[PDB]
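Printed here is final_39.pdb (PDB, C-alpha atoms):
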```pdb
MODEL        1
ATOM      1  CA  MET J   1      -7.261  -9.511   5.762
ATOM      2  CA  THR J   2      -6.244 -10.954   2.392
ATOM      3  CA  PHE J   3      -7.235  -8.993  -0.713
ATOM      4  CA  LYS J   4      -7.537 -10.025  -4.362
ATOM      5  CA  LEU J   5      -6.587  -7.973  -7.421
ATOM      6  CA  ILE J   6      -8.451  -8.331 -10.716
ATOM      7  CA  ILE J   7      -6.747  -6.946 -13.820
ATOM      8  CA  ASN J   8      -9.287  -7.265 -16.635
ATOM      9  CA  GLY J   9      -6.828  -6.890 -19.496
ATOM     10  CA  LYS J  10      -8.123  -7.563 -23.001
ATOM     11  CA  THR J  11      -4.519  -8.056 -24.113
ATOM     12  CA  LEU J  12      -3.056  -9.321 -20.838
ATOM     13  CA  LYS J  13      -5.027 -10.424 -17.778
ATOM     14  CA  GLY J  14      -3.678 -11.229 -14.326
ATOM     15  CA  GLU J  15      -4.254 -11.277 -10.574
ATOM     16  CA  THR J  16      -2.398 -10.840  -7.283
ATOM     17  CA  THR J  17      -3.046 -10.859  -3.535
ATOM     18  CA  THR J  18      -1.490  -8.880  -0.685
ATOM     19  CA  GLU J  19      -1.967  -8.818   3.087
ATOM     20  CA  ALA J  20      -3.482  -5.562   4.340
ATOM     21  CA  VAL J  21      -5.658  -4.088   7.090
ATOM     22  CA  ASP J  22      -7.716  -1.713   4.948
ATOM     23  CA  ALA J  23      -8.771  -1.392   1.308
ATOM     24  CA  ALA J  24      -6.337   1.525   1.123
ATOM     25  CA  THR J  25      -3.463  -0.454   2.635
ATOM     26  CA  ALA J  26      -3.649  -3.190   0.001
ATOM     27  CA  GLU J  27      -4.564  -0.884  -2.881
ATOM     28  CA  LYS J  28      -1.246   0.848  -2.194
ATOM     29  CA  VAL J  29       0.680  -2.261  -3.239
ATOM     30  CA  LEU J  30      -1.882  -3.522  -5.752
ATOM     31  CA  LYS J  31      -2.019  -0.218  -7.631
ATOM     32  CA  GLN J  32       1.775  -0.375  -7.857
ATOM     33  CA  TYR J  33       1.757  -3.945  -9.169
ATOM     34  CA  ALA J  34      -0.513  -3.031 -12.080
ATOM     35  CA  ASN J  35       1.113   0.322 -12.843
ATOM     36  CA  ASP J  36       4.472  -1.457 -12.955
ATOM     37  CA  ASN J  37       3.090  -3.422 -15.904
ATOM     38  CA  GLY J  38       1.908  -0.280 -17.669
ATOM     39  CA  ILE J  39      -1.691  -0.961 -16.669
ATOM     40  CA  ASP J  40      -4.175   1.911 -16.468
ATOM     41  CA  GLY J  41      -7.947   2.096 -16.815
ATOM     42  CA  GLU J  42     -11.239   2.035 -14.926
ATOM     43  CA  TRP J  43     -10.239   1.259 -11.340
ATOM     44  CA  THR J  44     -13.145  -0.114  -9.307
ATOM     45  CA  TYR J  45     -13.448  -1.251  -5.690
ATOM     46  CA  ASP J  46     -16.015  -3.308  -3.781
ATOM     47  CA  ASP J  47     -16.598  -3.074  -0.030
ATOM     48  CA  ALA J  48     -19.000  -6.020   0.109
ATOM     49  CA  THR J  49     -16.838  -8.568  -1.709
ATOM     50  CA  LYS J  50     -13.668  -6.704  -0.740
ATOM     51  CA  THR J  51     -12.195  -7.164  -4.217
ATOM     52  CA  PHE J  52     -10.575  -4.752  -6.671
ATOM     53  CA  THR J  53     -11.188  -4.905 -10.422
ATOM     54  CA  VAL J  54      -9.622  -2.803 -13.178
ATOM     55  CA  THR J  55     -11.426  -2.722 -16.524
ATOM     56  CA  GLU J  56      -8.777  -1.944 -19.140
TER      57      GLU J  56
ENDMDL
END
```

Would you mind writing the structure in this file as structure tokens?
Amino acid sequence: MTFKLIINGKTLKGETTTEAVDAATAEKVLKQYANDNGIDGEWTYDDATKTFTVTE
């Protein structure tokens, strides 16, 4: 299952995808991708659309 990351950055926006089996499996790599760029804020997750969005 392919996931999609949504980094709603007012100063710097971006996105990335990673192959995973569960929302927790992908979030593990996704959360690291954002954090690596000094990104931190309101982390949200959707089970219906299966997409993650972070409102900085």

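For the file at hand, the PyMOL selection byres ((chain J and resi 43) around 8) resolves to residues 40, 41, 42, 44, 45, 52, 53, 54 and 55 of chain J.
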
Produce a file of the selected residues containing C-alpha atoms, as a CSV table (one decimal), in the coordinates of the input.
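out_36.csv was written with the following content:
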```csv
chain,number,residue,atom,x,y,z
J,40,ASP,CA,-4.2,1.9,-16.5
J,41,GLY,CA,-7.9,2.1,-16.8
J,42,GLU,CA,-11.2,2.0,-14.9
J,44,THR,CA,-13.1,-0.1,-9.3
J,45,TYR,CA,-13.4,-1.3,-5.7
J,52,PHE,CA,-10.6,-4.8,-6.7
J,53,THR,CA,-11.2,-4.9,-10.4
J,54,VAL,CA,-9.6,-2.8,-13.2
J,55,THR,CA,-11.4,-2.7,-16.5
```

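Summary of the local environment: counting only C-alpha atoms, residues at most 9 Å from residue 9 (chain J), other than itself and those fewer than 2 positions away along its chain, are residues 7, 11, 12, 13, 14, 39, 54, 55 and 56 of chain J.
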
Do a neighbour search on residue 4 (chain J) at 10 Å with all atoms listed in the file, toss out local chain neighbours closer than 5 positions, and write the hits as a list in words.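 Contacts, in chain order: residues 15, 16, 17, 18, 19, 26, 27, 30, 49, 50, 51, 52 and 53 of chain J.
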
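Between CA of residue 32 (chain J) and CA of residue 46 (chain J) the separation is 18.5 Å.
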
Only C-alpha atoms, please: chain J from the block, as an mmCIF file, in the first residue's frame.
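Written out: decode15.cif:
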```
data_model
loop_
_atom_site.group_PDB
_atom_site.id
_atom_site.type_symbol
_atom_site.label_atom_id
_atom_site.label_comp_id
_atom_site.auth_asym_id
_atom_site.auth_seq_id
_atom_site.Cartn_x
_atom_site.Cartn_y
_atom_site.Cartn_z
ATOM 1 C CA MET J 1 0.000 0.000 0.000
ATOM 2 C CA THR J 2 1.449 3.331 -1.132
ATOM 3 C CA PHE J 3 1.056 6.291 1.222
ATOM 4 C CA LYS J 4 1.269 10.042 0.621
ATOM 5 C CA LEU J 5 2.789 12.660 2.923
ATOM 6 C CA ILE J 6 1.441 16.214 3.061
ATOM 7 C CA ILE J 7 3.676 18.844 4.655
ATOM 8 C CA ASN J 8 1.590 22.021 4.826
ATOM 9 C CA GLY J 9 4.479 24.423 5.339
ATOM 10 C CA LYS J 10 3.709 28.135 5.146
ATOM 11 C CA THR J 11 7.411 28.753 4.526
ATOM 12 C CA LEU J 12 8.280 25.472 2.811
ATOM 13 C CA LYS J 13 5.804 22.890 1.520
ATOM 14 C CA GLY J 14 6.556 19.397 0.248
ATOM 15 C CA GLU J 15 5.404 15.805 -0.170
ATOM 16 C CA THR J 16 6.748 12.247 -0.228
ATOM 17 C CA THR J 17 5.527 8.666 -0.612
ATOM 18 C CA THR J 18 6.725 5.401 0.928
ATOM 19 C CA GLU J 19 5.673 1.761 0.609
ATOM 20 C CA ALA J 20 4.156 0.367 3.807
ATOM 21 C CA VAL J 21 1.661 -2.186 5.118
ATOM 22 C CA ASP J 22 0.088 -0.062 7.853
ATOM 23 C CA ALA J 23 -0.372 3.629 8.644
ATOM 24 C CA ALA J 24 2.211 3.104 11.386
ATOM 25 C CA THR J 25 4.708 1.430 9.057
ATOM 26 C CA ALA J 26 4.788 4.369 6.646
ATOM 27 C CA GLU J 27 4.454 7.060 9.313
ATOM 28 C CA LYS J 28 7.712 5.688 10.722
ATOM 29 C CA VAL J 29 9.611 6.800 7.619
ATOM 30 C CA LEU J 30 7.406 9.796 6.823
ATOM 31 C CA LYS J 31 7.735 11.268 10.315
ATOM 32 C CA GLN J 32 11.505 10.948 9.918
ATOM 33 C CA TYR J 33 11.503 12.664 6.524
ATOM 34 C CA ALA J 34 9.763 15.748 7.909
ATOM 35 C CA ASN J 35 11.661 15.857 11.202
ATOM 36 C CA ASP J 36 14.899 15.682 9.215
ATOM 37 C CA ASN J 37 13.889 19.016 7.688
ATOM 38 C CA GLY J 38 13.162 20.550 11.079
ATOM 39 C CA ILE J 39 9.421 20.181 10.546
ATOM 40 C CA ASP J 40 7.090 20.010 13.546
ATOM 41 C CA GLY J 41 3.433 20.886 14.033
ATOM 42 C CA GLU J 42 -0.111 19.525 13.996
ATOM 43 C CA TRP J 43 0.279 15.949 12.763
ATOM 44 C CA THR J 44 -2.975 14.546 11.382
ATOM 45 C CA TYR J 45 -3.894 11.175 9.880
ATOM 46 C CA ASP J 46 -6.831 9.926 7.811
ATOM 47 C CA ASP J 47 -7.975 6.300 7.673
ATOM 48 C CA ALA J 48 -10.521 6.870 4.905
ATOM 49 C CA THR J 49 -8.241 8.639 2.426
ATOM 50 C CA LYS J 50 -5.165 6.997 3.946
ATOM 51 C CA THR J 51 -3.198 10.247 3.768
ATOM 52 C CA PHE J 52 -1.092 12.130 6.315
ATOM 53 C CA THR J 53 -1.124 15.922 6.617
ATOM 54 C CA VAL J 54 0.959 18.146 8.894
ATOM 55 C CA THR J 55 -0.299 21.689 9.468
ATOM 56 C CA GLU J 56 2.761 23.772 10.340
#
```
